[PDB]
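Before any comments, here is the structure.
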Amino acid sequence: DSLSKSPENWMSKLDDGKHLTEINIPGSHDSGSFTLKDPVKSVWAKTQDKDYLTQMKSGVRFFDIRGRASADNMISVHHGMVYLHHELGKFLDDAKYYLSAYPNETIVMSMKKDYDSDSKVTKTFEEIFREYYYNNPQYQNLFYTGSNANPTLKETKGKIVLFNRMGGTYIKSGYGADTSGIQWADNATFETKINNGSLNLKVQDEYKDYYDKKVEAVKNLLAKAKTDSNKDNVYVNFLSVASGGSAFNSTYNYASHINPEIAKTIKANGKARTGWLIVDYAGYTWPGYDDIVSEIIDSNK
Ligand SMILES: O[C@H]1[C@@H](O)[C@@H](O)[C@@H](O)[C@@H](O)[C@@H]1O
């Protein structure tokens, strides 16, 4: 019986000793944009329709969280200048609940500054996150705090793994958790060594692409992962694409076709390594076409 049919805890069904790197993970791009209702804002700033807990119930384990310091102790979730109507607390509290109810899953959480801090803010984004969230008492036991750069599933069971997109940081656990952070190339397919050289991150993040290009970039990186047995390589590619104006053109209209297209490829490829794939409108189904989150889930042994 395929893993898809039980996406509330497919990771529990996996060999503990695999590095998260090795596991093919479903991710949601701009994970918290589900709260947006505005029809015009939604064509470009909205990337999901399911809330956090539902995303998790549907099997997504990589959450792309973008934030803005609103106060010296609070980080607002954002798609750029657009406030997505909740603080980071909403996500972490949602992660805590789920992780207890399904103690054999792990969540990787990407953290990024997406917009400038309020005028009344004293501290840096990194300081506010590190000191009021990463090691806030209320979430002790929640984050990974080990010292392994390439954590095993067993090591992270029941925890959030920091994926550090904040620049340099004093947090000492997670991917890119050092004073260098991650070297992110704008609108590109790139490689960069992270965690002191102990990991080679590989990203397809060509978000300005048009349809043909995007699908090609997704599939090019996808094919490289198919071959790569290396536990020290990380693969993250976003199927997601920046919309246009108009709505036509909208984020959903892209995801509505990119997701199924990449979904058919993956299933055809049998069980094989895919890397971490980050999608818009995860959990969104269109009858007749394959589900990208399901085929990602099903490609793990
Ligand atoms: O442009 C932004 C940002 O620069 C991210 O790195 C990219 O991955 C997103 O997809 C988004 O649209």
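Read the figures in this text as sums done on the coordinates, not as results from a lab. Cβ sites come from the backbone with ideal geometry, for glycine too, and all protein chains shown count toward neighbours.
From the P(r) of the chain, could you give the percentage of C-alpha pairs in the tail past 31 Å?
Considering the chain, 22 percent of its Cα-Cα pairs are separated by more than 31 Å.
Once every DSSP H run of n ≥ 4 in the chain is given -39500 (n - 2.57) and the sum is divided by its residues, what mean residue ellipticity at 222 nm do you get, rounded to the nearest 500 deg cm²/dmol?
Taken over the chain, the calculation gives -7500 deg cm²/dmol.
From the P(r) of the stretch 1-147, could you give the percentage of C-alpha pairs in the tail past 23 Å?
In whole percent, the long-distance tail amounts to 39.
Once fully extended, how much extra length lies between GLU191 and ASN104, figured as 0.36 nm per residue of separation less the alpha-carbon to alpha-carbon distance?
Here the answer is 28.3 nm.
Looking at the chain, what % of its DSSP beta bridges pair antiparallel, to the nearest 5?
35
Relative contact order for the chain using alpha-carbon pairs under 8 Å, separation at least 6, rounded to a whole percent?
After rounding, I find 22 percent.
Based on the Cβ-Cβ distance from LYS90 to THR122, what FRET efficiency comes out when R0 is 30 Å, to the nearest 0.05?
Once rounded, the FRET efficiency stands at 0.80.
Starting from 0.36 nm per residue, how many nanometres of slack lie between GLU8 and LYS267 once their C-alpha separation is accounted for?
Extending this stretch completely gives an extra 91.2 nm.
Which of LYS154/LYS214; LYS13/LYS213; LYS172/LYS264; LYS46/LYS224 have a Cα-Cα distance over 32 Å?
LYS154/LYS214; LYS13/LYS213; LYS172/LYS264, as the Cα separations exceed 32 Å there.
Taking amide hydrogens as modeled 1.01 Å from N in the peptide plane, which residues meet the under 5 Å criterion relative to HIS86, leaving out close sequence neighbours?
Placed amide hydrogens put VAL77 under 5 Å from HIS86.
How large is ³J(HN,Hα), in whole Hz, for each residue of the stretch 29-39 in order, when computed from phi with the Karplus curve 6.51 cos²θ - 1.76 cosθ + 1.60 and θ = phi - 60°, using x for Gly and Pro?
5, 6, 4, x, 6, 5, 5, 6, 10, 3, x
By a straight-distance test (C-alpha under 17 Å), which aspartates and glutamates pair with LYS202 as possible cross-link partners, with residues fewer than eight away in the same chain excluded?
Straight-distance partners of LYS202: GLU22, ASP64, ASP186, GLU191, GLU216, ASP228, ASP232.
Which of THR156, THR54, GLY17 sits farthest toward the positive end of the charge dipole of the chain, with +1 on the Cβ of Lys and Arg and -1 on the Cβ of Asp and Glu?
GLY17
Which order do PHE238, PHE190 fall in if you start with the one that has the fewest other Cβ atoms within 10 Å?
Placing the least packed residue first, the sequence is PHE190, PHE238.
Dipole size in debye (nearest 20) for the chain around its Cα centre, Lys and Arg Cβ +1, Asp and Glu Cβ -1?
About 360 debye.
Contour minus end-to-end for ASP212 and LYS301, with contour as 0.36 nm per residue of separation and end-to-end as the Cα-Cα distance?
Stretched out fully, the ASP212 to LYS301 stretch lengthens by 29.0 nm.
How about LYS123: which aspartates and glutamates have a C-alpha closer than 12 Å to its C-alpha, ignoring those fewer than 8 places off in the same chain?
Filter leaves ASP72, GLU131.
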